[PDB]
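There are 2 protein chains.
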Amino acid sequence: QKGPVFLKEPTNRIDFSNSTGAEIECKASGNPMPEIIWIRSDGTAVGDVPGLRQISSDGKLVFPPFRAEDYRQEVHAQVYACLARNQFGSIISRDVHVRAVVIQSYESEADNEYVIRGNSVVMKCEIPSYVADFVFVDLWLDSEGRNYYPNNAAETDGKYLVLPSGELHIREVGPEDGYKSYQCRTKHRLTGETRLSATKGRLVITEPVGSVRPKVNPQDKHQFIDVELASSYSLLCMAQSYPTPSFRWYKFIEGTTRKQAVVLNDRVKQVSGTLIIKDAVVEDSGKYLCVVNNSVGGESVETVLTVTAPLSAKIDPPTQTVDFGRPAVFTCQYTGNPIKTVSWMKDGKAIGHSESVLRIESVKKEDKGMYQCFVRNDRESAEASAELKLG
Amino acid sequence: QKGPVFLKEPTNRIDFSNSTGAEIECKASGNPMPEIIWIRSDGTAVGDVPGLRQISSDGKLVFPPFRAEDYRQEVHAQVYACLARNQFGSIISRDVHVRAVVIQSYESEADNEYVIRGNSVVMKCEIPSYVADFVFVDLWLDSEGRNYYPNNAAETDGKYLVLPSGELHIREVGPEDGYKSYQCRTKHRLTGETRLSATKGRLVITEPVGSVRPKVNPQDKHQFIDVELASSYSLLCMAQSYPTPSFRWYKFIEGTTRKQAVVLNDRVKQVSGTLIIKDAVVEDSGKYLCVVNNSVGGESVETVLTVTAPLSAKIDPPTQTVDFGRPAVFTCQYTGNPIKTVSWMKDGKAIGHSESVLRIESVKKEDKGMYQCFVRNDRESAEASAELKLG
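Right, dumping it as C-alpha cells:
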C-alpha cells in the first residue's frame, strides 16, 4: 500500500546540554513498516558512543547528560538524519542539528551610553557570543524603581521603548538622566535561569558647544536585518548631532537608485530616527535608506530587510506508478522564503537534478523508489517525498 | 644610434586645482628625435579642450586654472601617457594621474574622547574624505598654552605623543584632564593653507565602579597598515578596561598559527598598548597580534603590516640587435615592493606576455622595435624599456 513517508519528523535545530541532555524522536510510516536508522546526513549511519550518543529503541536517539569533559564535537555538534527505509526504497529526514552545550559561567553587561544632551539613545546588553544563541533580554530596571518590559511594540509615543530586539530605546536624553542606573536581565532558553547583569550602565549627558553635525559609527552605517513574517521588528538609524537631526526613511525601488519615502501608519511608526514595525509582511523585504540632516551637516545609513517565511517542499504526486519508459510528472507545491536552493535525490542517494519538476524520460528497473526535493537555505531546511511504483 | 628612451619622465601621481592648475613635462631622447605625443593610457591620444586641457609645445600639457564649473572628469581626472615614438618604434611613459581639484570649503574637527579614568587615548582629527588626500595634521593645541608637534617618533617616554599618523596619543588620563580643550591643525599640501579645526575636543574621564573588562570597537579589531621603507609608523591596540589592561604584541611566523612575541628596543617601542617604530625595514611586513588582558577578561587585535619600497623596471639589455630567427635575452633588473603584476608590450601595443624574461624564439620583420616591462601595483607603477635593432 505505502512506500515510506514521514509522520513524526524532527524539527530542524534541537538544542540542549549537560545537566539535561536530550534524545531525538523519528518514527516513520508505511505498510510494510519503515526501519528507522539514524545516520549523519553524509550517508553514513551513526554508531554508539559509551557515555553520550547511543541508539535507543522507541523511535529516538539519546544524548545522556554528560560530564563537561565528555563533550566531543564529533558527537555533540553534528547533523543527524533519520533514515527511513523499507523494501520499496529509503527516505532521509531533513537536517537535524544536535547541539549539546556545556553550561558555563555567563553574565551580561549594561554599559554607559555617552550622549549629546537632547539626542536619543539605544542600549543593548550584551550577552557574550557563546551563550548569545540562548540568552536573550527579558527586562530592564532603574536604580529608582522602574521596569521596562519587552513587548511586540504595543505603545510607541513615549520616551522609553524596548525594541523587538531587546534594546532599550530612550527617545531623548536630558542631563537629568545622568543620576540613575540601568541593568538588563536576560533569561536562558534552556536552563531557565533568569539573571541580571554583572554591571549596570549610567547615562552620560554631554552638553554641546555651538553645534555639531551628525555622524555614525561604521558598524551602524550598514545594517542587515532578518525577521519572520507577522512578527515585529525595527529599523535603526544611529545618529547624533547638535542641534538635533531629522531622520528620513525611504525604501528603494527594486534594482534602481531611485527611492521612495517610507510612509508612516498604525503599522509603521518612527520614533526618530528609528523605524518600528509590526505584522512583518513579505513585501517589507528590501533595502532602506535613512537620511539624517542638520544645519551643520548630513549623513545616511543603508539597511537590508529580509523578512522570512516557513518554507516547504511537497512533490506532485507523492506516488506515481508508471509504464515502462514513460514521462515523469514530479513538480513540487510550495510557500516559504527564502530558498537558497532546492535539491533532489532517490533512496538515500543524491542524484544531481536541481529544479522544480523531476523527469527521466525513459524509465528503468533501477529507476524506481523514493524521490525527494530538499528546499534548503542557510539557517534551516524543509523536505518533500515521492515514490515510484511500477506496472 | 638610439631608439627612443626616457630622460624626463613624469612622476606618477600629479595633483593640483583651479586657482593654480598645472601642466605636465614629458620630453624624450633618441637620435633621430622622439616625437612626444600625449595620450590616454588606453592607446588613444588626447585632443584639446578649450578652457582646460590643451597641448602646449615645450614638452608639456597645460591644465589652465579653471572656473569651478569647468571641471569635467573626462579631463580633470584621468590617466595620461606621454607617447614617445620615432622611426624605430614607440614607447609609453608610465601612468601619470591628472587630478585637478575644486578648492572647496574644508575644515577638520576634534571630538571628545570618552575614557575610563586611568586608560590611554588616541585622538584623530576628522579631515573629511574629499580633501583628506591633501589635508594632514601638523599640530595640536591646549586651551592652556601647550603645543604638541609632530615628529618621526623622536621621544617615547611621556604622557603625550603625536603618532607618525598625526593622532595625539595620551598615555593615560586622570580626571584632571577634563578641564582643557584640544584643537588640531592640518595644513593643505596644495594651497598651503594652515587652518585650525572647526571645534576642539574635551577629555571625558569616566570613573569606574568595581571592574570592567577589556573590549574593542569593530573598526579597531582588524587593522591594515601600509608604510614606506625607512619611515616611521606605529601599530595600534585600542582597548580599555578597569583595572588597566596589559597589552602583548606578538608577530606571527609566516603561514603558521604559531607566533612570536615582539621584542622591544631602541627601534621598536611600546607605549602600551601601542607599538611605535622607526626605520621601517622590509622584514617588518607581516601579521601582528595584540593580546590584552585583565582580571576580568581578555581581548585581541590582528593587524597587517605592509611595508613598501620604491619599485623599478629595467630590461636586460636595453638594446639587442639580433640575427634573423634567434633567441631573446629580455630579463629585467629590480628592487622594490610590492609588485601586483609586471606587464609587457611592444610599440604602444600590449602583447600578452607577463613574466620576467621576454623571448620570441623565431624573430621576424614585424618583430622588432621597443619592448617594455610594466611593474605596476595598486597605488603606483614603474616602467622599463628595450629596443630590437636587426642584422
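Heads up: the sequence lines are chains A and B, in that order. Under PDB author numbering, the first residue of the first sequence is numbered 1, with each subsequent residue one higher. Under PDB author numbering, the first residue of the second sequence is numbered 1, with each subsequent residue one higher. The C-beta atom is built at its ideal place from N, Cα and C for all residues, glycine as well.
Practice task
Ignore the nearest five residues each way along the sequence and tell me which others in residue 376 of chain B's own chain have a CB closer than 7 Å to its CB.
Solution key: 340, 341 and 343
Practice task
Please state whether DSSP places residue 284 of chain A in a helix, a strand or coil.
Solution key: helix
Problem - Residues bridged to residue 51 of chain A [DSSP beta-bridge criterion] - result: Looking at the DSSP assignment, residue 51 of chain A forms no beta bridge with any residue, so it has no partner.
Exercise for the section: Closer than 6 Å by C-beta to residue 189 of chain B: which residues in its own chain qualify, once you throw out the five before and the five after it? Chain order, please. Expected result: 134
Exercise for the section: Compile a chain-ordered list of the residues in the segment 218-234 of chain A whose CB is closer than 8 Å to at least one CB of chain B. Expected result: 218 and 219
Practice task
Consult DSSP for residue 176 of chain A and reduce its assignment to one of helix, strand or coil.
Solution key: helix
Exercise for the section: Could you name the residues that DSSP lists as bridge partners for residue 353 of chain B? Expected result: BP columns for residue 353 of chain B are empty, so no partner.
Problem - Contacting residues, own chain, Cβ-Cβ under 7 Å from residue 12 of chain A (five flanking each side not counted) - result: 94, 95, 96, 97, 380 and 381
Practice task
Classify residue 109 of chain A as helix, strand or coil using the three-state DSSP reduction.
Solution key: strand
Exercise for the section: Label residue 167 of chain A either buried or exposed according to how many other C-beta atoms from any shown protein chain fall within 10 Å of its C-beta, with 16 as the threshold for buried. Expected result: buried
Handout entry: Segment limits, alpha helix (DSSP H) that includes residue 1 of chain B
Key = Counting along the chain, residue 1 of chain B falls outside any alpha helix (DSSP H), and DSSP gives it neither H nor E.
Problem - C-alpha distance - residue 40 of chain B paired with residue 80 of chain B, whole-angstrom precision - result: 4 Å
Practice task
Step through the CB atoms of chain A and report whether any lies within less than 9 Å of the CB of residue 394 of chain B.
Solution key: This structure cannot settle anything about residue 394 of chain B, because the visible part of chain B is limited to 1 through 391.
Problem - residue 64 of chain A versus residue 37 of chain A - alpha carbon distance - result: 19 Å
Practice task
Taking residue 32 of chain B as the reference, give the member of B:17, B:61, B:10 and B:87 with the closest Cα.
Solution key: B:87
Handout entry: Inter-residue Cα distance where the pair is residue 19 of chain A and residue 111 of chain A
Key = 32 Å
Handout entry: residue 77 of chain A, enclosing beta strand (DSSP E) - first and last residue
Key = Counting along the chain, the beta strand (DSSP E) containing residue 77 of chain A begins and ends at 77-85.
Handout entry: Beta-ladder partner(s) of residue 276 of chain B, from DSSP
Key = B:234 and B:269
Handout entry: Beta carbon proximity, residue 186 of chain B to chain A, threshold 9 Å
Key = For residue 186 of chain B, the answer is no, since every Cβ of chain A falls outside 9 Å of its Cβ.
Practice task
Give the single residue among B:49, B:390, B:73 and B:58 whose Cα lies nearest to the Cα of residue 327 of chain B.
Solution key: If you compare the alpha carbons of B:49, B:390, B:73 and B:58 with that of residue 327 of chain B, the shortest gap goes to B:390.
Practice task
Could you tell me which of A:264, A:121, A:158 and A:368 sits nearest to residue 220 of chain A, measuring between CA atoms?
Solution key: A:121
Handout entry: Below-9 Å beta-carbon distance, residue 301 of chain B vs any chain A residue
Key = no
Problem - Contact under 9 Å by Cβ, residue 158 of chain B with residue 214 of chain B - result: no
Practice task
Have a look at residue 178 of chain A and residue 119 of chain A and give me their C-alpha separation to the nearest angstrom.
Solution key: Answer to the nearest angstrom: the Cα atoms are 14 Å apart.
Practice task
Would you list, in chain order, the members of the segment 201-216 of chain A that have their beta-carbon closer than 9 Å to a beta-carbon of chain B?
Solution key: 202, 204, 206, 209, 210, 211, 212, 213 and 215
Practice task
Note the first and the last residue of the continuous beta strand (DSSP E) segment covering residue 181 of chain B.
Solution key: 181-188
Exercise for the section: Output yes if chain B places a C-beta closer than 9 Å to the C-beta of residue 109 of chain A; else output no. Expected result: yes
Handout entry: Whole-angstrom distance between residue 187 of chain A and residue 172 of chain B, CA atom to CA atom
Key = 38 Å
Practice task
Helix, strand or coil for residue 383 of chain B, going by three-state DSSP, please let me know.
Solution key: strand
Exercise for the section: Pick out whichever of B:199, B:228, B:175 and B:136 has its Cα sitting closest to the Cα of residue 281 of chain B. Expected result: If we check each option's Cα against that of residue 281 of chain B, B:228 comes out closest.
Handout entry: Euclidean distance between Cα positions of residue 238 of chain B and residue 251 of chain B
Key = 17 Å
Practice task
Kindly indicate the opening and closing residues of the alpha helix (DSSP H) around residue 130 of chain B.
Solution key: 129-132
Problem - From A:265, A:202, A:292 and A:205, residue whose alpha carbon lies closest to that of residue 244 of chain A - result: A:292
Handout entry: Member of A:160, A:45, A:67 and A:91 whose CA lies at the smallest distance from the CA of residue 28 of chain A
Key = A:91
Exercise for the section: Would you give the residue range spanned by the beta strand (DSSP E) that residue 117 of chain B belongs to? Expected result: Looking at the DSSP string, residue 117 of chain B is not in any beta strand (DSSP E), and its letter there is neither H nor E.
Exercise for the section: Go ahead and pull the three-state DSSP assignment for residue 104 of chain B. Expected result: coil
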